[PDB]
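S.K.: The structure that follows is given in the form of structure tokens.
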């Protein structure tokens, strides 16, 4: 597997829920970058060097993903709920002396990020979320058109071992299909082949695949419930937030993203990027510039 | 080896312009066509067809593309596997037997053929029974988080090929057994005859058969939904006397009852819950058979 972060260090961070793997480079204010599905920390490899000129950049594998440890799940999918993931990454950052930090997340990692900002807003200086709406909003918009577009939200949340057994026959096909289907071009041309290999190797482990399903199970159940409480209680993210989304991404397929986030966040600014779902790889310079400007 | 679960029924290959329909045929009297759904074949009627065959000429058909029926070549609109096209093909098949006016009971996908047949060609039916469904339009119109999780396969199997085909290939025996078990009241395979399960497992083992099923669900997401919408909008109702049966823990039921739904779609509908999961003729064969004989007699 290639090293896609030349000059970045590597850290194995112990937490109460297992080790978090991260690449660390740069200097300045701490900035935690979180990937999503079906990727690993290396999806940031085109944006992180730009960010490292101005920030101390911590590029972490989510709990259970990549090279982070995989806590054993349970019937409520607890360690893979975004609430638990957020708490574990807070501990990880505390291990490095970062009790107040900026955070950008993509996809699942963006869900960890906004839940972190709802649960523990005093930990964040600023927050950026890339190509998502809150989990609640997706489920509340789950009509025929959206159920067909993000079918995997309900497929991967089926009880174990149904998705796991199906994914196990040809894992390579499914991870490449998901990467391709969500890009603007609809193929793998936007990705560094070395990055794809990272994603494919991670997906080839059945325990990693199970964790991803647990993530999606949490996404259908506990994550939705946590979000529901906040939206119905009128709880808003108080941290200044940036919402970036791909013109051809997932978030815009169910609503106008800024309008949605303004219901969730008191101080949110937003921009589309001509891109599919994978903004830091499909539009690295555009994304990096938006992030550098926002966090500066 | 596959068990004969209809002792005393003949086996017919019925030619149509779209391919052969396989059927078991037994009994004498007025014709009654029985249609199965997914992931099954005609053998799902094996516990109720003998009781029906006491009073009717019972034709137990594999749906086009399913079981031993031929598989017409699909197209980008999944036309042969739209319920409109399946209904037309089954009408042709019954015509080959001289049945232009018949009774019809369908379960699952076969019930969707059945009510589309009733909307498109109600003059062909004396009476109609649908088992544990609501119209396709109603499922998609109800689509929310709860329904999306419960009938996830409606959107999973409708994904563009080869995605569901490739995934189903990952463990087909598990998938078909998982669908059978998860939709019963018991939650396991104990309601089924093991010889019937073998029929279902073998049919599901064929990748071409699995592709057909995906074509059926693709139709269900697209053309079938559009055909239903036209009837909702036009206010077209089924005018054939109709029975809607559903499982206490089947599919069609939420806290709103399938009968209230079907009365929007049908002018003359009676209905009854059966203590059963989705697979009424196998989980609850005596109760299902009684309801059907009473209605059709």
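Here Cβ is always computed from backbone atoms with ideal geometry, including for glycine, and neighbour counts include all displayed protein chains. Any read-out appearing in this document is the output of simple, stated calculations on the displayed coordinates, not a laboratory observation.
S.K.: What do you reckon, is residue B:208 within 20 Å of the chain's Cα centre (by Cα), in contact (Cβ under 8 Å) with a residue 24 or more places away in the chain, more than 14 Å from every other protein chain (Cβ to nearest Cβ) and surrounded by 15 or more Cβ atoms within 10 Å (Cβ to Cβ)?
M.R.: Judged against the criteria, residue B:208 is not a match.
S.K.: Something else now. Looking at the range A:135-194, which of its residues are at the interface with another protein chain (Cβ under 7 Å from one of its Cβ atoms), assigned to a helix (DSSP H, G or I) and within 27 Å of residue A:263 (Cα to Cα)?
M.R.: A:139, A:144, A:147, A:148, A:154
S.K.: With respect to residue B:197, is the statement that it is assigned to a helix (DSSP H, G or I), more than 19 Å from the chain's Cα centre (by Cα) and away from every other protein chain (no Cβ under 13 Å) true?
M.R.: no
S.K.: Is it true that residue A:32 is part of a strand (DSSP E or B), buried (at least 22 other Cβ atoms within 10 Å of the Cβ) and more than 11 Å from the chain's Cα centre (by Cα)?
M.R.: Against the criterion (part of a strand (DSSP E or B), buried (at least 22 other Cβ atoms within 10 Å of the Cβ) and more than 11 Å from the chain's Cα centre (by Cα)), residue A:32 qualifies.
S.K.: Right, residue A:217: crowded, with 20+ Cβ neighbours inside 10 Å, part of a helix (DSSP H, G or I), without any contact (Cβ under 8 Å) to a residue 60 or more places away in the chain and within 14 Å of chain B (Cβ to nearest Cβ) or not?
M.R.: Criteria not met by residue A:217.
S.K.: Within the range A:127-139, is even one residue in contact (Cβ under 8 Å) with a residue 40 or more places away in the chain and over 18 Å from the mean Cα position of the chain (by Cα)?
M.R.: For the range A:127-139, residues in contact (Cβ under 8 Å) with a residue 40 or more places away in the chain and over 18 Å from the mean Cα position of the chain (by Cα): absent.
S.K.: Please work out which one of (1) buried (at least 24 other Cβ atoms within 10 Å of the Cβ); (2) touching a residue at least 12 places away in the same chain (Cβ under 8 Å); (3) under 17 Å from residue B:39 (Cβ atoms) is the condition residue B:167 fails and give its number.
M.R.: With respect to (1) buried (at least 24 other Cβ atoms within 10 Å of the Cβ); (2) touching a residue at least 12 places away in the same chain (Cβ under 8 Å); (3) under 17 Å from residue B:39 (Cβ atoms), residue B:167 is out only on (2).
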